[PDB]
Amino acid sequence: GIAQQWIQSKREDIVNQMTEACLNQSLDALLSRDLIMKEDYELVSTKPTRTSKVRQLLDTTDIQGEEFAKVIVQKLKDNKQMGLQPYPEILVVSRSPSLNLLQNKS
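For this deposition, the record names solution NMR as the technique by which the model was determined.

This is the structure we're talking about:
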């Protein structure tokens, strides 16, 4: 995909730039929008370290696809942290290109 692929390529850079406050705001918005049940919310919030909480959030991202990942990317743009400026096509671009063979490396 796109937002889930961006996460599955720069997960540790996202986890370094974002904080438990960004993660908590994402989880709170997801719970307010009923994208996460309390049963999964506690499994994503019982980890002993903030780094591992986001690692569990990123597993739930792959179950949902291009919606649960898109709000994490939107939360980063709303929090204007500048470390992630090469953002993906999360319906936020001024004019989206043809999105055909854009090319990729890691």
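Now that the structure is up, let's keep going.
Draft legend 1. The overall build of the chain, seen in detail. Per the secondary structure count, the chain includes five helices and zero strands. For the chain, the N- to C-terminal ordering of α and β elements is α-α-α-α-α. Expected size for 106 residues packed as a compact globule is a radius of gyration near 13 Å; at 14 Å, the chain falls within 12% of this value. The buried share of the chain, taken over its 106 residues, is 32%. Considering only intrachain contacts with a sequence separation of at least 6, the fraction spanning at least 24 residues in the chain is 62%. Just so you have it, the chain exposes about 7,400 Å², and 44% of that area is on carbon and sulfur atoms. With 14 positive and 14 negative side-chain charges, the chain shows a spacing of 7 Å between the two charge centroids.

Draft legend 2. Up close: a nonpolar patch on the surface. On the surface, a cluster of nonpolar side chains totalling about 260 Å² of accessible area is made up of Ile2, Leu99 and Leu102. Mapped onto the elements of the fold, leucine 99 is located in the segment after α5 (68-78). Its relative accessible area of 41% is what places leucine 99 among the partly exposed residues.

Draft legend 3. Up close: helix α1 (residues 3-17). Over its 15 residues, α1 extends only 17 Å from the first C-alpha to the last, a length that falls short of the 21 Å expected when each residue adds 1.5 Å. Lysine 10 marks where α1 bends most, by close to 85°. Turning to α1, its buried residues number three or more, namely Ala3, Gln4, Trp6, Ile7, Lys10 and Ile14. As for α1, its buried residues are in contact with α4 (50-64) and α5.

Parameters at a glance
- Residues numbered from 1 in each chain as written, not as in the entry; some residues may be left out.
- Heavy atoms only, no water.
- Helix = DSSP H or I, 4+ residues; strand = E, 2+ residues; numbered from the N terminus.
- Rg over C-alpha atoms; globule rule 2.2 N^0.38 Å.
- Buried < 20%, exposed > 50% of the residue type's maximum accessible area, 1.4 Å probe, protein only.
- Contact = heavy atoms within 4.5 Å.
- Areas by Shrake-Rupley, 256 points an atom, 1.4 Å probe, with all protein chains shown as cover.
- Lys, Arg positive; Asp, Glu negative; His and termini not counted.
- Charge placed at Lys NZ, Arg CZ, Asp CG, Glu CD.
- Patch = residues over 30% accessible without salt bridge, like charges linked within 9 Å, V, L, I, M, F, W, Y side chains within 5 Å.
- Salt bridge = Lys/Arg side-chain N within 4 Å of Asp/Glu carboxyl O.
- Expected span 1.5 Å × (residues − 1).
- Bend = angle between axes of the 7 residues up to and from the residue.

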